[PDB]
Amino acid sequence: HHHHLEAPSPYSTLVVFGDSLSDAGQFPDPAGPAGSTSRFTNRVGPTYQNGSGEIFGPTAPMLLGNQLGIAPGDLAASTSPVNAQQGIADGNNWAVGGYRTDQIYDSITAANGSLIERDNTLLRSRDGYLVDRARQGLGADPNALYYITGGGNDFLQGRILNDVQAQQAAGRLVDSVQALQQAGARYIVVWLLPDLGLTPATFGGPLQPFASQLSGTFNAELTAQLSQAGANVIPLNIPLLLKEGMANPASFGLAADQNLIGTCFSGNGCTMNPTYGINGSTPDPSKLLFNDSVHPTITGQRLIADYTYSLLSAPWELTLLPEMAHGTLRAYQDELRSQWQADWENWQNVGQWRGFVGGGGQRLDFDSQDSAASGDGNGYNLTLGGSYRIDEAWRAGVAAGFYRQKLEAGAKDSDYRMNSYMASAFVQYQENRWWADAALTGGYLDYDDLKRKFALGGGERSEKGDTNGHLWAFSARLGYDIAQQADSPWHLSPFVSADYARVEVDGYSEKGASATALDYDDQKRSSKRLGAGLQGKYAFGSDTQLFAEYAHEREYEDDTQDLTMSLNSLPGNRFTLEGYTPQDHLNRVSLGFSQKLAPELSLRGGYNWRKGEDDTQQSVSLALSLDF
C-alpha cells in the first residue's frame, strides 16, 4: 500500500531505549526557550550558546526515524514533564540521559521503570514499555523497529573496573534485547559500545588504554551473547566506523586538519576546538565529532543515522536481484510467444525445421514498496531458436537467449548488472481450433557487477560484489479459435495460462570488511501464475500479418520476501530483513508483425508491455524466421 514518491518504510514505528546517546528530550532544557527539551548534542545555531533561545539539535534515532518515514510524534521522548505540561503527546523514545544498563532494562520491563529524575528529585515517572503495553494486552510491536544504546554510564559511574564487570554490563544490555524478543520484537538495532578510550573524556590520558580494552571486552561479550540469544539484531559496529572516520575524516564531513578525538565543540568537560569550537574563530559543530566529552555533534548523529540506514536499506535493493531475472525470463518468453503467434495457424511443412534469430531491448521499472527500493534500467538480448514440425498437429523445438540487464536502484542509484543465459525445450499442439503450448526453461545467472551505494558523511559510500544464480520455469497455455476456419485470414482465441518459475541467486560477501560491508545469504523467489487472455491476428495476404494479445495473470506467490545477512565485520550476528513483495496481479499487451522478405524468410517484430501494481516492464524484438 506504498506511495511511489516515497522511500521505503518497513516499520510501523521506531521504539528506542538507552541513554544520552539516544535521548530525544526527556529532561527540560533549563537554558533553552520555553517548552524546550534536552538532548545531548550541540544546539541548532546560529550562536550555539546556552540561553541563546536556540534548541538542542536532533539525536541519531530522530534522524533515522525521519528517514524511515516514522510519524514525527513517535520520535519524541516517552516521559518528558515538558511534553505533559505543554499537552504534547508522549513519543516512543524511552532513552534517558544518565541511564546505566540496569536502568535501561527497568525502563522496558519494570513497574514505574521510566523515571525522569534530576538531583534526587523525581520529575516524572511511568511504567516500563512492556508493562504499559501489557496493560492493553500487548507485547512488543512485531512491525516496529527497536533501537538500543547503553553501557557508557556503567563506565562513567565506576561500575566497570575489570573484564568481569564489563562482561556483566554487556549481559545487562543483552537482557534488554531478550526482554523485547521474548515480548515479540522482530527487529532490534543494537550499538556495540564505542571505544571509550577514544573520547575526549579519556583520550591521551592515562585511562585511555584501560578504557579501550574494557570496551573491547564489553563488545566481545555483547556480540557473543547476542550470537546465542537468537534475537533478530542489527548490530552497529560503531568502533569500526569511528576508526574509518579517523583515517578519512573529510569522507564523513569532519575537518581533516583537526584533533577530533581530543577536542570538542562546547568545551564542557573537554578542550574546546580553537577553530570550530563554540567560541573558536569559526564555530561550526558540523566540522567536529564530539560536542562535549562523550556526546557526538550533529555530524556524528547523522553518521550514526546514515550508518544504520545503509544497513537497513540494503535488503530493499538486494531483493530486487531475483526480480531482474524474472524480468529477463519473461521478456525471453515474450519473444518466443511472438514467434508462436506469427506461426499460429501457419506452421512449416511436416518434417521441416523453422529457425529464427533476433534480439531486442528491454526496460525494467520498479516503484518503491514498504520494503523495496524504486529502480529502473535498460537491457538488450540475443535470442535464437528452432521448431520441428513432427506431425500435422504437433511441433517441438528449442530456444536460447542471452540477456544483459542493468538496474539503478535506491537513493544513490546503486548499480546492478546481470547476464542471463536461458534455454528451453517446448512442445505445441494445434488441431481443429484447439491449441496448446508447453515449455520447460532453464537458465544460468551471472551477476557480474553489484555496486551498492548509500548516503554517508554528507556524500556516499559504495560496497561491491558479484554473484551467481540459476532459474528454471515451466509455462503452458491453452485456447480455442473463434474462427471456424483454419484458412481464415484472422484468428481469435481466448486462452488460459499457467506458469511456474523459480529464480535463485547465490549469497555473496561484499568485498573487504568495512563497517558497512554486508554478507548475504542465498536468495530464492518463486512465481506461481494462472492467467486468462485473448490473442488474435490478421493476415494481409501471405506476405504480411499483424497479431496481438492481452492477458491478465494472478500471482499466488505474493508473500513479502526476506533476506538474511550479517556485517562482514561481525560474522556471528546474522539478522533477517524484509524485501520485495510480489504483487498479485499483472496485465500485458503484446503487439507483433510478420513480413515475408522472401518465400521461406520472414521478418518479425514484437512489442510487450507488462504492468503490475508496483512495476512496468517493456521489451521490443526483431527477428528473422527462415525455413529449413
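Sequential numbering from 1, following the sequence displayed.
- The deposited model assigns a higher average Cα B-factor to 351-359 than to the other stretch when 351-359 and 272-280 are compared.
- Look at the mean CA B-factor for 9-17 and for 612-620 in the entry; the higher one is 612-620.
- Highest CA B-factor among 392, 519, 141, 460, as stated in the entry: 392.
- If you compare the C-alpha temperature factors of 127, 558, 415, 195 in the entry, 558 comes out highest.
- Annotation for residue 35: CA B-factor lies in the middle third of the chain's modelled residues.
- Placement of the Cα temperature factor of residue 569 within the chain: middle third of the modelled residues, per the deposited record.
- Among all modelled residues in this chain, the alpha-carbon of residue 315 has a temperature factor (C-alpha) in the middle third.
- Sort the chain's modelled residues by C-alpha temperature factor and residue 583 lands in the highest third, per the entry.
- When the modelled residues of the chain are ordered by C-alpha B-factor, residue 592 sits in the highest third.
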